[PDB]
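First, one chain by itself in structure tokens, the form deposited without the named molecule.
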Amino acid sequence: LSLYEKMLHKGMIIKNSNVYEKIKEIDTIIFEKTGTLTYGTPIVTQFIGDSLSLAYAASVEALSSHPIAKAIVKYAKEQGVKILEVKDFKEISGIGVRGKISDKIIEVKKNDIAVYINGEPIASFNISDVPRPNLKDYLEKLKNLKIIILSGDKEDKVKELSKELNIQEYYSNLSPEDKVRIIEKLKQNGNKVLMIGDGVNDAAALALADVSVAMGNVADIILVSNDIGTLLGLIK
């Protein structure tokens, strides 16, 4: 058939056949918490504030394509509130959004998210990543090979996910640049490192991985399917 076509069938897009046997020569596996071990879109785990505030925040968040923004919009919609007309929308990706509704200035910006109305913090959200099911693939590889979780998220969130999925080595509160330095150090130390990430917020780290995998949500392997199990199946 052809390696390239066989891999597509399994929802992997490969860049070079070399990545193939290179898989066997690697010894370290690194996961990005967000998007790989968890779904690409987080959920609202709690909202504190009144329903008008909720409608205001969702109405502004409805103009962003950020996953946190989508988590907030979905939660508000499940609560039954309707989207309101916003003017003067402004966004700074991943950090905050702003807009005007009913003569009032609303800001939603990085509990995890505060809602301001005319300068005053009046509501907030806790949002969390949702883990992907399938937990045995991990042990299998822990058999055959060291696993590491990296994340720009806070200690307690990262640790807790490490706890659930049963992963020992993990680093938290990392900037993209922290991750890149970690890869280089592993490679300096002699490790052949395969990394799985979102493909953007950690593109430099991937670019340095011995073999890099991007989620479907440049890299050596693109997981169109977002099927990590099948990737870990292959590796294992």
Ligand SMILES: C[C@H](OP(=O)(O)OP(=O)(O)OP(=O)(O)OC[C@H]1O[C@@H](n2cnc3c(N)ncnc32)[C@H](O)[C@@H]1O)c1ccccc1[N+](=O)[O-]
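For every residue, the number given is its place in the sequence shown, counted from 1.
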property	result
Unmodelled deposited residues flanked by residue 100 on one side and residue 101 on the other	none
Length class of the unmodelled deposited segment, which would lie between residue 217 and residue 218	4 to 9
Stretch exceeding the other in mean C-alpha B-factor - 112-120, 160-168	160-168
Of 187-195 and 43-51, the one with larger mean CA B-factor	187-195
Top residue by Cα temperature factor, when 95, 106, 73, 149 are compared in the entry	95
Top residue by Cα temperature factor, when 87, 141, 82, 132 are compared in the entry	141
Chain thirds of CA B-factor: placement of residue 68	lowest
Assigned third (lowest, middle, highest) for the C-alpha B factor of residue 13	middle
Residue 231 by Cα B-factor - lowest, middle or highest third of the modelled chain	middle
Where the record places residue 211 (Cα B-factor, split into thirds across the chain)	middle
Chain-wide C-alpha B factor ranking for residue 58, given as lowest, middle or highest third	lowest
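Another form exists, deposited with the named molecule bound; not displayed. Remarks below refer to it.
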property: Open or blocked, once the named molecule is placed by superposing site C-alphas in the bound PDB entry (3+ ligand atoms within 2.4 Å of backbone or C-beta means blocked); result: blocked
property: Which of 88-96, 162-170, 74-82, 116-124 sits within 4.5 Å of the named molecule in the bound PDB entry, heavy atom basis; result: 88-96
property: Interface membership of residue 191, the named molecule in the bound PDB entry, 4.5 Å heavy atom rule; result: no
property: Non-hydrogen atom contact residue 199 with the named molecule in the bound PDB entry at 4.5 angstroms; result: no
property: Heavy atom of residue 59 within 4.5 Å of the named molecule in the bound PDB entry; result: no
property: Heavy atom of residue 64 within 4.5 Å of the named molecule in the bound PDB entry; result: yes
property: In the bound PDB entry, the residue from 54, 29, 209, 68 that sits within 4.5 Å of the named molecule by heavy atoms; result: 68
property: Heavy atom contacts to the named molecule in the bound PDB entry at 4.5 Å, residues of 126-147 in sequence order; result: 127, 128, 129
